[PDB]
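These are the residues of each chain, in order.
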Amino acid sequence: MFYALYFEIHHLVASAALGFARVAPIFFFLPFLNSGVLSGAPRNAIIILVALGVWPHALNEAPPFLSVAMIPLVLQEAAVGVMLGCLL
Amino acid sequence: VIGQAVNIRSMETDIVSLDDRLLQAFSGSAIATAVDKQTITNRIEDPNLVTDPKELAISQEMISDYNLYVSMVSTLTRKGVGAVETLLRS
Amino acid sequence: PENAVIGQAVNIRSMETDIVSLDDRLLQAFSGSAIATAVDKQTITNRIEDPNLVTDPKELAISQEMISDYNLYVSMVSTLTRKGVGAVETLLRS
Amino acid sequence: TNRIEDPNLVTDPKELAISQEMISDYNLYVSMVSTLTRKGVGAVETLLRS
Amino acid sequence: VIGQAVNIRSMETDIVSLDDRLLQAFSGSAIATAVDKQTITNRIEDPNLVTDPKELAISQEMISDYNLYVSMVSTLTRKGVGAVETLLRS
Amino acid sequence: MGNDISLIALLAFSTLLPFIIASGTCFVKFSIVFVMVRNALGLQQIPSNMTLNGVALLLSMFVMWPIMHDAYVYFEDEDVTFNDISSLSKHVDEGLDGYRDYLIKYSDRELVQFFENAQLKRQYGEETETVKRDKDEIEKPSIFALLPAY
Amino acid sequence: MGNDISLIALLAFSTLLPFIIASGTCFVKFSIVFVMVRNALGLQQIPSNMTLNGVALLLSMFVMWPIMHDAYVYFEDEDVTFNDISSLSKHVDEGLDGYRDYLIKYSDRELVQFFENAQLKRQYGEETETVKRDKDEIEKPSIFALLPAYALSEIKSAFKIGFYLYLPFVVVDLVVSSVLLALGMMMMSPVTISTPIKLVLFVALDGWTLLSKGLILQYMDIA
Amino acid sequence: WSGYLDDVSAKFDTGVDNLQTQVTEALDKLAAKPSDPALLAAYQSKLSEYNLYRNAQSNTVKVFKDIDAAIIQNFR
Amino acid sequence: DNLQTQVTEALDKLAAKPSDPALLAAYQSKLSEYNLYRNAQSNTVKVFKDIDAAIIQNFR
Amino acid sequence: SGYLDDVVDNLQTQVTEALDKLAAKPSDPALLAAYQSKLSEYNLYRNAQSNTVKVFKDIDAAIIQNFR
Amino acid sequence: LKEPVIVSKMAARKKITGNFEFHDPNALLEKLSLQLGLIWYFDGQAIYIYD
Amino acid sequence: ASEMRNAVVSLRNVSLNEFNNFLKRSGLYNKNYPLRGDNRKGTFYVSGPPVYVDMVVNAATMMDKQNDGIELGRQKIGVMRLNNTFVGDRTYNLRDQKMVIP
Amino acid sequence: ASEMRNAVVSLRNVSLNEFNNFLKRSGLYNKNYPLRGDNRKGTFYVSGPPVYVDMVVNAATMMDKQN
Amino acid sequence: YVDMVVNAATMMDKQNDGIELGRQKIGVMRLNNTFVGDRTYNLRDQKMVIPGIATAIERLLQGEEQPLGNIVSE
Amino acid sequence: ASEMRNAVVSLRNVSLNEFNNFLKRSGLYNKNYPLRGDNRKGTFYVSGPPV
Ligand SMILES: CCCCCCCCCCCC[N+](C)(C)[O-]
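Quick summary incoming for the structure in this document. (Residues numbered from 1 in each chain as written, not as in the entry; some residues may be left out. Chains lettered and ligands numbered in written order. Part of a larger assembly, values for the part shown. Heavy atoms only, no water.)

Moving on to the sheet that holds strand β1 (residues 5-10) of chain M. Taken in spatial order, the 4 strands of this open sheet run β1(C)-β1(M)-β3(M)-β2(M), and their pairing is antiparallel. The outermost strands of the open sheet, each flanked by one partner alone, are β1 (4-6) of chain C together with β2 (36-37) of chain M. Note that β2 of chain M and strand β3 (residues 43-48) of chain M share 2 bridges and pair antiparallel. The partner of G37 of chain M across the bridge, within β3 of chain M, is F44 of chain M. Sheet strands in contact with helix α2 (residues 50-66) of chain M are β1 of chain C together with β1 and β3 of chain M, and its direction is about 10 degrees off that of β1 of chain M. (Pairing = 2+ DSSP bridges. Helix = DSSP H or I, 4+ residues; strand = E, 2+ residues; numbered from the N terminus. Contact = heavy atoms within 4.5 Å. Axes fitted to C-alpha atoms, helices over the stretch in contact; angles between N-to-C directions.)

Laid out in structure tokens, this is it:
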């Protein structure tokens with residue numbers, strides 16, 4: 001099926017985008033990751049790579065959240081990330 | 001001449017039925033159904049329909065809309081994180 | 001119609017009165033713009049699906065205008081909205 | 001340029017079929033180099049300006 | 001030739017402040033623009049002018065000059081506003 | 001696809017979000033009380049402003065997140081129909097009452113009424129205020145009137 | 001839509017909007033007053049500037065709205081189309097009178113007139129003298145003169161208010177020290193006791209309600 | 001159910017009322033007696049008239065397609 | 001809509017007798033003029049609205 | 001299609017049918033002249049549709065970029 | 001007057017005071033038109049008044 | 001009450017009296033909101049509740065295009081005998097020559 | 001009162017006297033807001049409440065095409 | 001119910017468009033009083049041709065678009 | 001139960017009586033969810049579980 005690789009790349013970037021919401025706050029709190037040290041073009045490139053390194057589901061199948069209101073979800077994930085940043 | 005009609009008193013909207021489709025940015029279920037169909041297909045029917053002008057005009061809608069949806073989510077997450085950082089510094 | 005001209009005796013305007021709230025003045029704008037755009041998009045689509053419209057120069061010349069006017073309208077609403085929120089942001093971060 | 005002026009070369013069907021290939025290759029070569037150099041400097045801009 | 005008239009004397013005004021110099025430059029440009037656009041529109045619909053090579057050769061220039069002039073005024077206005085914004089942000 | 005104006009409204013809202021939170025939410029109270037207590041104990045920078053703001057933010061979400069989620073659940077509702085700009089305005093306004101009620105609960109009636117007058121009365125040739133019986137206006141103070149009073 | 005140049009003008013205006021609000025509007029006064037109150041109470045971080053400026057912006061919106069609405073309705077009117085530069089320019093000018101007349105109540109006459117004198121074309125001898133009648137001079141000085149005079153007079157009037165706000169707390173701060181000396185506890189820092197007194201006094205006085213009301217009353221008229 | 005280039009073809013097909021059948025008839029008669037000069041003289045006229053009918057029809061539909069395609073190209 | 005009406009009249013007269021050279025000669029002219037008119041109108045409409053879009057893009 | 005799922009004829013059909021009829025006798029002038037105008041109207045329809053879909057997507061892309 | 005009356009917005013700004021007798025309206029109307037600076041018309045269905 | 005709707009309708013093939021009968025046979029007629037117009041002509045005005053108005057306008061406009069295939073123009077043959085002259089083109093023979101008159 | 005409307009209409013096939021009669025049979029005719037013009041010609045002026053003006057302008061202009 | 005009714009009605013309608021209902025019939029009519037064919041007379045110095053009924057009627061109706069009616073002396 | 005589904009189907013060559021027999025020999029037929037229509041004609045309604 002011809003378009004399947006194209007869709008499979010878009011599923012990847014949608015998963016990475018929703019992972020950034022939960023990984024970036026940690027990079028805000030820790031003293032060796034905050035923007036007093038790591039800044040400019042490296043910063044996003046590294047955060048995204050980590051988020052893809054830890055996402056739990058196979059990257060090549062459609063993301064399950066397409067049916068849901070995006071804002072309540074993004075705020076939920078950011079709150080979780082803030083809690084983890086405190087505990088670490 | 002034939003079959004002519006006009007509504008005189010009030011601007012009751014009739015070209016469309018006014019509906020909750022006004023109140024959403026993306027018909028995410030219609031995306032999730034189309035993305036299903038173009039991905040469950042693995043060795044059934046046939047590949048390579050680069051060439052028929054009727055199906056090739058249906059692919060144009062999906063290929064565009066999924067690119068827009070993915071582009072939007074990228075901005076919303078940055079905004080959210082930026083709002084949290086803004087409050088925590090201030 | 002073409003064989004008729006229809007005026008208004010004198011254009012008094014009750015909606016020139018400011019009396020509603022700063023937020024009712026917002027809801028009116030939002031609701032009216034959303035309806036206007038949905039109607040325009042539908043009309044443009046019909047003018048293309050229907051075979052006698054999409055193949056007569058007289059009708060095509062009109063559809064070209066409809067499309068351009070739609071484009072300009074939406075682009076300007078977007079621009080002014082951005083400028084507006086950007087002012088708030090500029091002041092409150094100062 | 002010199003092929004386009006020798007009257008023997010400019011009027012023989014055999015030779016024209018060669019000139020057409022030569023000019024198509026020159027065009028593709030220069031478009032390639034001019035694109036990759038622009039990408040190359042664009043990387044430096046991205047890293048330093050950012 | 002036939003039924004033709006020209007205004008000999010322009011009305012006049014004092015110019016005493018940067019405010020009036022600005023309103024005057026604005027009003028001077030607005031009218032010239034409206035006049036040009038109308039003129040072109042008419043030249044496109046008088047059938048003696050749409051179909052004659054000598055008249056088409058003129059309409060081409062009028063359209064070009066209009067495009068260039070409005071693009072200049074747009075650019076220089078945006079440059080001025082950007083210089084103010086830059087200094088106050090700094 | 002969707003509707004191009006509801007898209008603008010979504011993106012705009014998400015830029016204003018932190019100022020709304022900072023000015024019309026219990027975050028206002030929580031972030032103040034902690035810093036005051038910290039000064040009273042007489043040893044600044046223990047706990048950090050990072051700790052305090054972080055906790056205050058988290059607690060504010062328990063109060064406010066259900067109200068936003070309820071509003072989106074109100075709008076994602078496939079059974080409605082409309083006929084006119086008025087009928088749509090009413091339904092959109094009705095969607096915000098969940099938030100309006102919270103602001104009404106925690107704010108002063110008379111300061112709210114004062115701003116409700118001040119939006120208009122520069123227009124007015126008259127002194128009488130009874131001219132609308134309260135039952136509508138008492139329910140429907142505008143949100144811009146409620147915010148600073150809260 | 002419309003005249004292409006009118007469109008450019010609208011977009012330029014909307015681009016400069018925040019600097020106008022920041023330099024020719026009551027927002028200037030409210031912003032200062034709230035911060036001075038925080039300093040008088042002696043708080044370094046409470047409330048946030050992001051809260052104070054939000055309140056100040058909302059309060060300013062009420063005062064400024066009616067002028068923006070009136071000017072909008074004045075221009076969204078199909079009444080006329082214009083023959084000439086002088087007719088168009090005087091039609092434009094007559095639309096700003098509502099704002100011009102707002103600025104005139106609060107800027108100061110002598111400073112305004114000095115700035116108008118400043119704009120005139122230079123002369124080699126000192127400029128030829130004039131006196132002008134009220135319909136220009138009282139009614140219609142130019143806006144490029146009014147605007148800075150307004151900004152300066154507003155700042156001044158703001159400092160004045162802050163002065164009065166400080167006085168009662170100064171009284172408190174002195175009294176409390178004198179009583180501690182009367183009790184002999186000479187070494188204790190009085191800040192530890194004066195600060196809560198100040199807070200008590202401000203809440204019992206309900207200073208926020210009074211300030212927010214009276215500031216609006218200076219511009220609105222409410223009955 | 002049809003467009004406007006069919007309205008333009010049909011203006012010819014209803015314009016020349018009957019020619020489309022008259023040709024076939026003339027051929028049916030001539031085929032029976034090719035050596036008849038009155039039949040030959042009639043057929044020459046009908047066949048020429050039909051040839052022009054078809055050419056004018058096709059060139060007109062070509063021109064209207066060239067106008068439409070150029071307007072549509074500007075929708076960009 | 002005068003030049004739109006003239007061409008539809010000419011077409012009816014021609015369709016009535018496709019072989020009359022006087023009618024053919026008239027129709028050739030009418031159709032050619034209409035053909036130039038449409039193109040000129042469409043092109044100028046385009047130019048006028050590309051200028052507006054470029055203005056908005058300048059401040060956007 | 002023979003199918004509806006509960007919850008006239010278009011140029012796409014008419015072209016396929018006129019091509020199908022023509023291909024049986026490629027040398028008949030009535031059929032040729034009937035096919036020229038259907039293939040032309042189908043070409044115009046199928047261009048105009050795609051060009052306007054493209055315009056609506058570029059509008060939405062510009063909005064998202066403007067709020068970036 | 002036995003007709004509905006329409007007053008232009010610009011005319012509605014003017015003010016009047018005193019004790020008046022509507023004994024012959026057409027004669028009163030024209031006189032006040034001249035004193036106040038108004039212009040008026042009558043189509044047969046309604047009276048229109050402008051500045 | 002404020003929701004009343006109003007419309008004007010102008011048929012081509014179906015007289016008003018033709019449509020009234022359809023409403024009656026259908027059992028859809030309502031004497032509180034009757035159609036107002038000329039039973040002879042085909043133009044009328046209707047006002048009332050939304051559902052009623054919409055049904056009326058739709059049904060009328062469909063009836064109109066359905067009856068449009070009715071063909072009403074017809075040709076006739078008249079036979080006429082001449083009493084005083086020969087019908088056909090008339091030949092005389094002169095001494096050596098035929099000559100002919102229309 | 002401030003909502004009165006009016007229009008001017010020209011009929012290419014139906015005389016004013018032809019139309020008044022239709023209004024009478026319809027029972028739409030209203031002597032407080034009669035049409036004003038020349039019974040012989042086909043041009044007239046009308047004014048009245050907005051639903052009346054709109055009804056008149058539409059009925060007359062459609063029937064002008066029917067005949 | 002409404003959706004089932006609507007779709008069933010529309011598809012039953014479309015399944016009949018190909019059906020043709022018109023028909024042609026043949027009438028045989030003997031002439032009681034005259035010869036059917038075209039008559040021709042050969043004379044010492046003349047030839048004369050007279051068209052028959054079929055010839056005259058065909059020559060009259062040829063090319064007619066409208067239906068006939070009222071001959072007079074779904 | 002709320003996953004039940006409905007359709008209307010219109011055949012052009014075959015007919016309902018032809019198709020029932022097929023289901024029968026297949027052993028697919030289900031008297032709980034029979035096809036509803038005119039056996040002589042070629043249009044019918046069907047409702048049932050998705051598969
Ligand atoms: C922490 C913010 C992000 C997650 C949203 C939490 C919403 C509030 C849920 C509170 C439930 C409390 N409970 C179980 C007593 O109802």
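Below, the discussion takes up the layout of surface pockets. There is about 1,800 Å³ of room inside the second largest pocket. Surrounding the second largest pocket, 43 residues form its lining, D14, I15, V16, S17 and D20 of chain E being those nearest its centre. Mapped onto the lining of the second largest pocket, the elements with two or more residues apiece are α1 (18-43) of chain E together with α4 (85-106), α5 (109-119) and α6 (134-137) of chain G. Per-element accounting of the lining of the second largest pocket gives the leading share, 8 residues, to α4 of chain G. (1 Å grid on protein atoms, 1.4 Å probe; cavity = no way out; pocket = protein on both sides within 12 Å on 5 of 7 lines; lining within 4 Å. Points joined across faces, edges and corners; volume = space filled by probe spheres on them.)

Glancing now at the site of the ligand. Taken together, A79 of chain A together with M61, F62 and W65 of chain F make up all the residues around the ligand. Near the ligand, the surrounding residues are drawn from chains A and F. A total of 480 Å² of accessible area belongs to the ligand in isolation, and the protein chains cover 45% of it. Sorting elements by how many residues they give to the shell around the ligand places helix α3 (residues 49-75) of chain F first, with 3 residues. (Near = heavy atom within 4 Å. Areas by Shrake-Rupley, 256 points an atom, 1.4 Å probe, with all protein chains shown as cover.)

Further remarks concern the interface of chain L and chain N. With 9 residues of chain L at the contact, the number on the chain N side is 12 residues. Taken over both partners, the interface formed by chain L and chain N buries close to 980 Å², and the fraction arising from carbon and sulfur atoms is 56%. Remark: the boundary between chain L and chain N carries 0 salt bridges. Applying the counting criterion to the chain L and chain N interface returns 5 residue pairs in polar contact. For the side of chain L that touches chain N, a count of residues per class yields 2 nonpolar, 3 polar and 4 charged. (Buried area = accessible area lost by both parts, 1.4 Å probe. Salt bridge = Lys/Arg side-chain N within 4 Å of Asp/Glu carboxyl O. Polar contact = N/O pair within 3.5 Å; in protein donor to acceptor, adjacent residues only side chain to side chain. Nonpolar A, V, L, I, M, F, W, Y, C, P; charged D, E, K, R; others polar.)

In this structure, the largest cavity occupies an estimated 80 Å³ of space. Forming the walls of the largest cavity are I71, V74 and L75 of chain A, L76, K79 and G80 of chain B together with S14 and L17 of chain F. Contributions of two or more residues to the lining of the largest cavity are made by α3 (70-87) of chain A, α2 (56-89) of chain B together with α1 (4-23) of chain F. Considering only residue class, the lining of the largest cavity consists of 5 nonpolar, 2 polar and 1 charged.

So, on to the arrangement of the chains. Spatially, chain B and chain I are disjoint, and the shortest separation between their C-alpha atoms is 18 Å. The two partners chain A and chain J share no contact, and the minimum distance between any of their C-alpha atoms is 15 Å.

Looking now at the pattern of salt bridges. Enumeration over the complete set of coordinates arrives at 44 salt bridges over all chains. Across the salt bridge formed by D19 of chain B and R21 of chain B, the nearest N and O atoms sit 3.5 Å from each other. We classify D19 of chain B as buried; its relative accessible area is 18%. With relative accessibility at 53%, the residue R21 of chain B sits in the exposed group. Among the ionic pairs, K105 of chain G bridges to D101 of chain G, the shortest N-O distance being 3.0 Å. Of this pair, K105 of chain G and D101 of chain G both sit in helix α4, 4 residues apart, roughly one helical turn. Given the relative accessible area of 53%, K105 of chain G is considered exposed. Beyond isolated ion pairs, a larger network of salt bridges with shared partners links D93, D97, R100, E139 and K140 of chain F. (Buried < 20%, exposed > 50% of the residue type's maximum accessible area, 1.4 Å probe, protein only.)

Ring pairs (aromatic) are described by centroid distance and by the angle formed between their planes. Overall, the coordinates contain 32 aromatic pairs over all chains when judged by the stated rule. Ring geometry for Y102 of chain G and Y150 of chain G: centres 6.2 Å apart, planes at 45 degrees, overall tilted. Here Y102 of chain G is found in helix α4, whereas its partner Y150 of chain G is found in helix α7 (residues 143-182), with 48 residues between them in sequence. In terms of burial, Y102 of chain G and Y150 of chain G fall into one category: buried. When the ring of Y33 of chain L is compared with that of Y52 of chain L, the centres are 6.3 Å apart and the planes differ by 45 degrees; the resulting orientation is tilted. Residue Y33 of chain L is found in the loop between α1 (16-26) and β2 (36-37), and its partner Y52 of chain L is found in helix α2 (residues 50-66); the two are separated by 19 residues along the sequence. Residue classification places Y33 of chain L among the partly exposed positions, given a relative accessible area of 30%. Look at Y52 of chain L and you get buried, because its relative accessible area is 11%. Put simply, the rings of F30, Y99, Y102, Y106, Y150 and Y219 of chain G pair up and form one aromatic cluster. (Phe/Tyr/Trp six-rings, centres within 6.5 Å; stacked < 30°, edge-to-face > 60°.)

Within the secondary structure, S26 of chain M is located in helix α1 (residues 16-26). What makes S26 of chain M buried here is its relative accessible area of 4%. Within the structure, the side chain of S26 of chain M is placed 2.9 Å from the backbone oxygen of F22 of chain M, a separation counted as a polar contact. If near-sequence neighbours (up to four positions away) are discounted, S26 of chain M is found in contact with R36 and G37 of chain L.

Moving on, we get to the interface of chain A and chain B. One frequent convention defines the size of an interface as the accessible area lost when the parts assemble. The interface of chain A with chain B comprises 24 residues on the first partner and 28 residues on the second. Around 2,500 Å² of area is buried between chain A and chain B when both sides are counted, 76% of it from carbon and sulfur atoms. For chain A, the biggest contributors to the area lost against chain B are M1, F7 and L66 of chain A; these three give 27% of the whole. Our count for the chain A to chain B interface comes out at 0 salt bridges. Secondary-structure elements contributing two or more residues to the side of chain A that touches chain B are α1 (4-29) and α3 of chain A. Of the residues forming the side of chain A that touches chain B, the biggest block, 12 residues, is contributed by α1 of chain A. Considering only residue class, the side of chain A that touches chain B consists of 21 nonpolar, 3 polar and no charged.

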